[PDB]
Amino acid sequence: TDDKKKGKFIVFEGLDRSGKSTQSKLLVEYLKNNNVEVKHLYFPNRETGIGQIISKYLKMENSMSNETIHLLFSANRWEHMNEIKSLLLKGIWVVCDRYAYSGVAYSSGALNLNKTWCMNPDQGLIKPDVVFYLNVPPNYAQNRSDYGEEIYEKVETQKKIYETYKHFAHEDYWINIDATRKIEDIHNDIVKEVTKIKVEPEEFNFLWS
């Protein structure tokens, strides 16, 4: 009856097209190489029933009130908690593009919802060991593949989101990484910060502690 967290849980955050996927795949490949068992997840997961509606929303194929889409994103997060506990419990690590901090930055920055009201439903989600924030200025990524395809990918929106991410900018678990560099440079900083991680089984923590 051991229910200690054995794996470590790592989150990449950032504006749209900031290299989250690139970096998280790199981190994953590096951990498989160094023999850590690891599982790559991401939010939103567009493949569930809730995910499908989220996806129609991001493509501007439907529309919905600000409150409804926020709660759907949060529900999509909650449908992964058993899977996430499961893995962590098994000592498999979890590397995830996006988490609840996306809730605040996007729902509070782009959709102007109250910050506290946005955080409430995500309260009690599993807390990660570290979040890497791939920091790029609001106008930086407008030229990368496909940008502007989904609803929030306009620089003026990216500005507000960028401003709203600051709400976590000075937290302990939060590591600003300059993502205006070469892929390999970003990657080594991440690997370096990952190596400074304690490997011991511990208790789970929960948002927003």
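For every residue, the number given is its place in the sequence shown, counted from 1. Between two forms, the rigid core is the largest collection of C-alphas that superpose within 1.5 Å.
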Higher Cα RMS in 6 other deposited structures of this protein relative to the shown form (core alignment), 101 to 109 or 132 to 140, goes to 132 to 140
Comparing 46 to 54 to 66 to 74 by root mean square Cα deviation from the shown form in 6 other deposited structures of this protein, core aligned, the larger deviation is found at 46 to 54
Give yes or no for this: do at least a third of the other compared entries, each modelling residues before and after residue 156, lack coordinates for it? no
Other entries modelling both neighbours but not residue 145, at least a third:
yes
Entry B factor averaged over C-alpha atoms, 169 to 177 against 59 to 67: higher for 169 to 177
Assert higher mean C-alpha B factor (98 to 106 or 135 to 143, deposited values) equals 135 to 143
Quick tally, chain-level thirds of C-alpha B-factors: residue 47 sits in the lowest
Sorting the chain's modelled residues by C-alpha B-factor and splitting them into thirds places residue 186 in the middle
Chain thirds by Cα B factor, record data; residue 20 belongs to the lowest
On the chain's distribution of Cα B-factors, residue 161 falls within the third called middle
Residue 27: CA B-factor among chain residues, third -> middle
